[PDB]
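# What follows is a protein structure lacking sequence information:
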Ligand SMILES: Nc1ncnc2c1ncn2[C@@H]1O[C@H](COP(=O)(O)OP(=O)(O)O)[C@@H](O)[C@H]1O
């Protein structure tokens, strides 16, 4: 309540709303804490820490904005509520419950407001289309990110990416985490969903360089120390922002996690730089401090400056598969992964995502069929499928159904206790590429015969 | 009158295309070429609908479309992996008189890359394989012209050789690499140099195999 | 008409290639039926009798595969097809070990080398394969080394005139001829989701339905050659016979163009047109007589279904004998040798022409030979146990 | 007494698999029943319990 009365002082028009705002925040925090516990999922922990971040997020959004309507304040409140509570959720039922309860609490504690303007389905905030953190329309965001995707393909790396709404939101989430001191990010999702590509893309936007280590057999802890030394040197001494990206492949070794945990927690790891390494680190750190505009001679002060620079310049990005049993192990061997890293969950590729990916990839193929007649009842798996669907839409719907059939078959085999192999979006991309190649080859054969 | 107007409008585009085609192939920058081709297509798309109906406009538009399509082929050809032997092979397959100093974007663009794409892709795969083998050979040469014996003092009597395991591992690795390169489908070009380096590595291996025994026996007998 | 159905056919075939690789034969068939039912329900045209193994490969490749020691089974032909049209490097799960030999023979003209993840020299062999071009078959993927992630992901960067791939700390080049086949001799194993995503599983394990179908095919070939020929003609009815017809048309076109007015000078081309007419009439007759041959081969197969089920039960009993004692490790090749001895080289079958009587003799001799071959390598205390298991199998098989 | 050499038994199996004997070659492995015998060697042989 005192934190809010302090924060609402930025906008004098809203001062009587501090008590309703803090009541709504506390209420929603309590309901989320009660409903989601560590029993269902390992990472469903909620503490005053979440509410402090909530207050800090609302304060950061309100800081540049000169004046806001009450509906705008409620929109910011709801957006931060989502980004704090809905993001970590695993199940779509849980996400729906949180989304509904946000509107419920906002309308309960804030009467006499327009629900449509206060809260809408594509509730998104970004600072790419304007100087401040103002909400942006999802169509404009799609156009901007499409242009930046084209540029990112011409430059850096060429990683084709379909821009559906889920990826459009994940880009914003990763950007929000990246533009934050000690903004370590934890991405949990099935392989091939685009965790690494999205992080690289957002890092390219924000100017962050990307450092990924090449783990292998005989990749010793000494090699991990060398990689950590290089990234820490670049981040602290040379004031170069680094988006350290580590997958679960190189998290597997237990010796790596201790150093990673210490770096996440304190912004620095003790014993990494010793002897001649410490001497060289101080030699370069003094030059870096002079370049920035600080004159430090004492080794302890120089190391404190180095730690501050690593805090402000290094952003570790963790990615692993959605293994709840394996996620419990990471919590025991690394509490930083759950205390500092902002967990993000986008494992599932929704039916809409599959439909969009199929439609964009199956665009060169000549699937048009004028005499195709829509059936009276169609097994519509993508509920937002335009109707009456054309041959293209029917084919992409069938591809989505094929992927869902694989999911159901694997679920049934897991129920029976047999071995099950993961069905990733890499499988779906492979299936679409196989369809394209085989359709083209067979059409060429038949045209040659004709 | 309309034919005269469309010819006058297309004269600028044709002059720009000729300026492109007169660029020396050495100086041709394919990325800038792609950007300028996109700009030319954008300029052509601004032509009046009355002019757009003529067959010449469609022919030039399709020309620019295929011109953009073979821009990837220009990316691949501009690669430094292509050598004089591969350019001569391209001469033989395409039945052209391309002179090395006289290669130009106009020549590579008069030759229908949209039709000999299979031949060019084959020669470029060959070029990639040969470049991989040649760079392996260059790495071998650099390693074995930089390598030095790690001598350390032994009881102030002499400087005995150290790093026997590392030296033998490097020799075995390079011998096995050359033996496996003899199995490569692009081996016939570098056969002479491969034989020379196999001889060098075998001589090194025999020399140091005798040397380690001599040093060990001498150390024991001195003790 | 074929243009009207190519889209659905390619959809089903591509789905089968991409997915349905790790699953056993029964699950593959179930998934294919599910996809076909959906496509029919969505009014998407697909051929009602799509044979995957003959819509994705032709006779020359299948003959080459058979010459390269690929067993003549539907599952093995489908797996060989997936080993040919693969976008991601395949992972071969063959406890029997025939698929590794198949790959070795298939790529022997390309100087394919065999390596395992357990070997410490695996990194250098992989580096040489990537850098030069000869295909590589890596074994023991249960110990998969994560240096192979860039190779499996095809992360190639082209700086200057070099196509590099950062193998660990190095930056070795990539040759266009490189191709890697992971392998596994252990059917029961769990793979990380990333590895599952980066490879296409090619399951070669033999299950109950797989072995039953294989044994049914073998008995049909051995005892009913006419029924086996009619069954294969149904399969050749799509693709192969049409290709033969097109080859005949090409020959006629070449001969017709060759004559310099000799179309009437010799009056001998009419032999060629009548020969083509007779062959096309044969093909059309076989095409129209498809349902009848289908039901006929179905009934004849139903005649030997109890024998095939007995074969599968016997083999899996042999497999489960390993729990009784550690010495009782019997191979699918051992059981197939038993079956060869039962079908061919059978002294009791000589002089017998009744098909039902021959089937009865084969069914009896199958159990007799199975016992005579297994119990020799068993302690005397287990003879009664194995005889009781075989008696239960026979009691299940018999009708009445 | 081939059971005295467990690893050599696996090596012998590996040699046997990649080889083409003469039409009358017959390798006999007299042996004592023991868990030390490789599973692959057991699978690749015609066992005779005595
Ligand atoms: N929405 C998408 N559109 C296009 N390609 C996608 C999409 N999502 C994933 N991909 C593909 O995923 C691959 C990259 O996988 P990556 O993001 O590295 O996997 P992971 O998420 O397991 O780290 C590329 O081939 C890329 O094209």
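Good, I have the coordinates. Numbers count the residues shown, from 1 in each chain, chains lettered A, B, ... in the order given.

# what about residue A:8, how many neighbours?
23 (other Cβ atoms under 10 Å in any protein chain shown). Any C-beta I mention is one placed from the backbone N, CA and C, and that applies to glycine too.

# Please apply the same query to residue B:161.
Residue B:161 has 16 nearby residues by other Cβ under 10 Å.

# How about it: what's its closest non-neighbour residue?
Beyond its immediate neighbours in the sequence, the residue positioned closest to residue B:161 (Cβ to Cβ, 6 or more residues apart in numbering or on different chains) is residue B:149, lying 5.4 Å away.

# Look at that neighbour and say how many residues are nearby.
A count of nearby residues for residue B:149, using other Cβ under 10 Å, gives 11.

# OK, contacts around it?
With contacts defined as Cβ atoms under 8 Å, 6 or more residues apart in numbering or on different chains, residue B:149 is in contact with B:161, B:163, B:167.

# again, 10 Å this time
Residues counted as contacts of residue B:149 (Cβ atoms under 10 Å, 6 or more residues apart in numbering or on different chains) are B:159, B:161, B:162, B:163, B:167, B:208, B:211.

# The last one: what's it in contact with?
By Cβ under 10 Å, 6+ apart, the contact set of residue B:211 is B:149, B:161, B:164, B:167.

# Also the fourth one?
Residues in contact with residue B:163 (Cβ under 10 Å, 6+ apart) are B:147, B:148, B:149, B:150, B:151, B:152, B:169, B:170.

# and it, backbone torsions?
Its backbone dihedrals place residue B:163 at phi 70, psi 40, with angles given as degrees, to the nearest 10.

# The residue nearest to residue C:206 when sequence neighbours are not counted - how many residues pack around it?
In space, not counting the residues next to it along the chain, residue C:206 is nearest to residue C:332; the distance is 5.7 Å by Cβ to Cβ, 6+ apart. The burial count assigned to residue C:332 is 20, neighbours taken as other Cβ under 10 Å.

# One more: the one 5 residues further on?
As a burial measure, residue C:337 scores 14 neighbours (other Cβ under 10 Å).

# quick one, helices of chain B?
The residue ranges that make up the helices of chain B, judged by DSSP state H, are B:2-21, B:30-45, B:49-52, B:55-69, B:71-77, B:84-94, B:105-110, B:117-146, B:164-181, B:191-222.

# okay, those in JSON lines with distance to residue C:118 next?
Shown next, in JSON lines, are the helices of chain B (distance: least, Cβ to Cβ, whole Å):
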{"stretch": "helix B:2-21", "distance to residue C:118": "57"}
{"stretch": "helix B:30-45", "distance to residue C:118": "46"}
{"stretch": "helix B:49-52", "distance to residue C:118": "67"}
{"stretch": "helix B:55-69", "distance to residue C:118": "47"}
{"stretch": "helix B:71-77", "distance to residue C:118": "39"}
{"stretch": "helix B:84-94", "distance to residue C:118": "40"}
{"stretch": "helix B:105-110", "distance to residue C:118": "50"}
{"stretch": "helix B:117-146", "distance to residue C:118": "26"}
{"stretch": "helix B:164-181", "distance to residue C:118": "18"}
{"stretch": "helix B:191-222", "distance to residue C:118": "26"}
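
# and chain B, which residues reach chain C?
B:75-76, B:78-83, B:121-122, B:124-136, B:139, B:169, B:172-173, B:176-187 (Cβ under 10 Å from any Cβ of the partner chain).

# Return the members of the residues you listed classed as buried.
B:76, B:78-79, B:81-82, B:124-136, B:139, B:173, B:177-178, B:180-181, B:183-187 (16 or more other Cβ atoms under 10 Å in any protein chain shown).

# what's near enough to touch the residue of chain B found nearest chain A?
Distances from chain B to chain A, computed as Cβ to the nearest Cβ, single out residue B:31 as the nearest residue at 8.4 Å. Going by Cβ under 10 Å, 6+ apart, residue B:31 touches A:154, B:71, B:74, B:75, B:78.

# mind running it again at 8 Å?
residue B:75.

# ranges for the helices of the stretch 301-450 of chain A?
If DSSP state H, counting those that start in this stretch is used as the criterion, the helices of the stretch 301-450 of chain A fall at A:324-333, A:336-339, A:351-361, A:391-415, A:425-449.

# Same check on chain D?
Secondary structure of chain D (DSSP H): helices located at D:6-17, D:39-43.

# most packed of those?
Mean neighbour counts were compared across the helices of chain D using mean count of other Cβ atoms under 10 Å in any protein chain shown; the top stretch is helix D:39-43, at a mean of 18.

# That one and chain C, are they touching?
Yes: against chain C, helix D:39-43 shows contacts by Cβ under 8 Å from any Cβ of the partner chain at D:39, D:42, D:43.

# How much space separates the second one from chain A?
Just to be clear, that refers to residue D:42. Here the criterion is Cβ to the nearest Cβ, to the nearest Å. By it, residue D:42 lies 25 Å from chain A.

# what do you get for the last one?
Distance from residue D:43 to chain A, counting by Cβ to the nearest Cβ: 22 Å.

# So which residue is dead centre in chain C?
Of all residues in chain C, the one closest to the mean position by Cα atoms, centre = their mean is residue C:76, 1.8 Å from it.

# which other residues reach the strand or helix carrying that residue?
Using DSSP states H and E, the element containing residue C:76 is helix C:74-82. The contact list for helix C:74-82 (Cβ under 8 Å, 6+ apart) reads C:16-17, C:21, C:25, C:28, C:52-53, C:56-57, C:62, C:65, C:70, C:90, C:98-99, C:102, C:200, C:202-204, C:210, C:213-214, C:217.

# following that helix, which helix or strand comes up?
On the C-terminal side of helix C:74-82, the nearest following helix or strand under DSSP H and E is strand C:90-93.

# touching chain A at all, that next one?
No: with Cβ under 8 Å from any Cβ as the criterion, chain A is not reached by strand C:90-93; the gap is at least 9.7 Å.

# and that strand, which strands flank it?
Here strand C:90-93 has these sheet partners by DSSP bridges: strand C:180-184 (parallel), strand C:200-203 (parallel).

# Distance from the chain centre to the longest one, please.
In terms of Cα atoms, centre = their mean, to the nearest Å, the centre of strand C:180-184 is found 17 Å from the chain centre.

# Please apply the same query to stretch A:238-257.
Centroid separation for stretch A:238-257 versus its chain: 17 Å, with Cα atoms, centre = their mean.

# wait, does that stretch contact chain C?
Yes: looking at stretch A:238-257 against chain C by Cβ under 8 Å from any Cβ, the contacts come from A:247, A:248, A:249, A:250.

# burial count for the first one?
Residues contacting residue A:247 under the criterion other Cβ under 10 Å number 22.

# Pull the contacting residues for the spatially closest residue to it that is not a sequence neighbour.
With Cβ to Cβ, 6+ apart as the measure, residue A:319 is the residue that lies nearest to residue A:247, at 5.0 Å, once sequence neighbours are left out. Counting by Cβ under 8 Å, 6+ apart, residue A:319 makes contact with A:187, A:188, A:189, A:195, A:196, A:199, A:245, A:246, A:247, A:248.

# now with 6 Å?
The contact partners of residue A:319, taken as Cβ atoms under 6 Å, 6 or more residues apart in numbering or on different chains, are A:187, A:195, A:247.

# ok, the closest residue to residue B:21 other than its chain neighbours to residue B:47 distance?
The shortest distance from residue B:21 to any residue other than its chain neighbours is 3.1 Å, reached at residue B:106 (Cβ to Cβ, 6+ apart). Taking Cβ to Cβ, to the nearest Å as the measure, residue B:106 and residue B:47 are separated by 24 Å.

# Understood, closing this out.
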